[PDB]
Amino acid sequence: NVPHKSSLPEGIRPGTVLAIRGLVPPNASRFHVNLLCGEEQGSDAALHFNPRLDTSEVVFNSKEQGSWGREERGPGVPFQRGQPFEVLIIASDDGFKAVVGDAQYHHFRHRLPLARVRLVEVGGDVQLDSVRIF
Amino acid sequence: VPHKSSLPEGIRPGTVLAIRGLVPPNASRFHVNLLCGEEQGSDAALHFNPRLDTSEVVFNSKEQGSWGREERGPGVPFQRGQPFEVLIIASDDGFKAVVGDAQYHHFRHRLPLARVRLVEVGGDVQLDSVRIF
Ligand SMILES: OC[C@H]1O[C@@H](O[C@H]2[C@H](O)[C@@H](O)[C@@H](O)O[C@@H]2CO)[C@H](O)[C@@H](O)[C@H]1O
Ligand SMILES: OC[C@H]1O[C@@H](O[C@H]2[C@H](O)[C@@H](O)[C@@H](O)O[C@@H]2CO)[C@H](O)[C@@H](O)[C@H]1O
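Line order of the protein sequences matches chains A and B. Counted the way the UniProt record's numbering counts, the first sequence spans residues 3 to 136. Counted the way the UniProt record's numbering counts, the second sequence spans residues 4 to 136.
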């Protein structure tokens with residue numbers, strides 16, 4: 003499927019909202035939403051949001067100097083193979099609120115400063131209808 | 004039916020008000036208010052007022068019983084008889100209105116955010132959901 007990759011050249015702020023609408027393919031294994039601090043794929047990640055249909059988990063993490071931080075997991079998997087979805091990733095001063103299906107799903111406290119974010123990447127086993135930054 | 008719900012801990016940058024519903028075929032106007040309290044005539048940090056009758060969307064505040072100076076969004080992204088989805092997003096700088104998953108208008112803060120303690124949705128509107136994230 004077609005990944006999304008777009009620049010946020012001045013960072014993000016409390017009140018930035020990433021709105022993603024799409025479809026999980028019926029044979030999906032995993033997909034990801036990354037907020038990265040650079041234009042490279044090994045650059046630091048303020049947020050790695052990784053729904054894993056194969057292992058029935060949604061993992062949250064950060065990455066700094068090529069090392070992953072402590073994983074967090076959301077409660078259950080609010081995605082389903084074959085089904086459309088709406089995700090909001092909402093930046094506050096304290097962290098990211100992941101909203102799925104118009105219900106608060108998980109709160110991930112920041113590890114990296116919002117001002118360092120430079121790139122949003124959405125890829126893997128996912129079909130995207132829209133990716134918007136508000 | 005109107006929505007009125009309390010925000011016990013207030014709202015902060017990163018608060019999102021998500022409203023989904025339908026503009027009735029005979030609608031005149033509806034409103035979304037971010038209010039400082041449960042009473043009649045409370046200060047309003049934000050009054051978001053789509054006006055089907057006059058083809059405008061008015062934004063304003065209210066302090067000491069007096070409406071402030073109105074701002075107007077670009078066009079009216081609502082239609083009688085049609086469903087809509089609105090996000091009202093609080094930032095450090097103001098409130099961002101998103102309609103139909105498109106950025107619509109930005110209203111810079113006038114009142115301190117920490118005084119907002121109530122959300123009200125009323126007027127000519129049928130609500131499917133009101134959620135605060
Ligand atoms: O932490 C995010 C990264 O996890 C990597 O996989 C982990 C896995 O979650 C864990 O349970 C254990 O098996 O170790 C693995 C490697 O640390 C993913 O490979 C990576 O893409 C991120 O999702
Ligand atoms: O500004 C929000 C309030 O406006 C009131 O309407 C005003 C009108 O927009 C203004 O031009 C004024 O001079 O006359 C009207 C009031 O008599 C609405 O009545 C009120 O509901 C708010 O929307």
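Cβ coordinates follow ideal geometry from the N, Cα and C atoms, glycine included.
Beta-carbon proximity of residue i to residue j, cut-off 8 Å
i                      : j        : result
B:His108               : B:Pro77  : yes
B:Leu20                : B:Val119 : no
residue 201 of chain B : A:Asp104 : Not covered by the structure: residue 201 of chain B. The range shown for chain B is 4 to 136.
A:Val89                : A:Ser8   : no
A:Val128               : A:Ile91  : no
B:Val61                : B:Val79  : no
Anticipated Cβ contact below 8 Å, residue i with residue j, distance rounded
i        : j       : result
B:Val101 : B:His6  : In fact, because the Cβ distance is near 18 Å, the residues do not count as touching under 8 Å.
A:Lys99  : B:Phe98 : The Cβ separation is near 17 Å, so there is no contact.
B:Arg32  : B:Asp56 : 6 Å
B:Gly84  : B:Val26 : 7 Å
B:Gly68  : B:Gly44 : 6 Å
B:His112 : B:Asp96 : 7 Å
B:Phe110 : B:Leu49 : 6 Å
A:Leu114 : A:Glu66 : 7 Å
Classification of residue i by the beta-carbon crowding that lies within 10 angstroms, buried from 16 upward
i        : result
A:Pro53  : buried
B:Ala47  : buried
B:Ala93  : buried
B:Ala117 : exposed
A:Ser64  : buried
B:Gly17  : buried
A:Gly24  : buried
Chain B contacts made by the stretch 13 to 25 of chain A, where a contact means CB separation under 7 Å: For chain B, the residues of the stretch 13 to 25 of chain A that bring a beta carbon within less than 7 Å of one of its beta carbons are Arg15, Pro16, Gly17, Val19, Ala21, in chain order.
Shell residues, 5 Å Cβ cut-off relative to heavy atoms of ligand 2: Any heavy atom of ligand 2 counts here; residues with a Cβ closer than 5 Å to one of them, in chain order, are B:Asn52, B:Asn63, B:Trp70, B:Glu73.
Positions along the stretch 91 to 104 of chain B whose CB lies within less than 8 Å of some CB in chain A: Only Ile92, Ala93, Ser94, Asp95, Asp96, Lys99, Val101, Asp104 from the stretch 91 to 104 of chain B bring a Cβ to less than 8 Å from some Cβ of chain A.
Short-range partners of chain A found in the stretch 104 to 135 of chain B, where Cβ spacing is below 9 Å: Legend: CB atoms of the stretch 104 to 135 of chain B lying less than 9 Å from CB atoms of chain A belong to residues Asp104, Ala105, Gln106, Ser132, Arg134.
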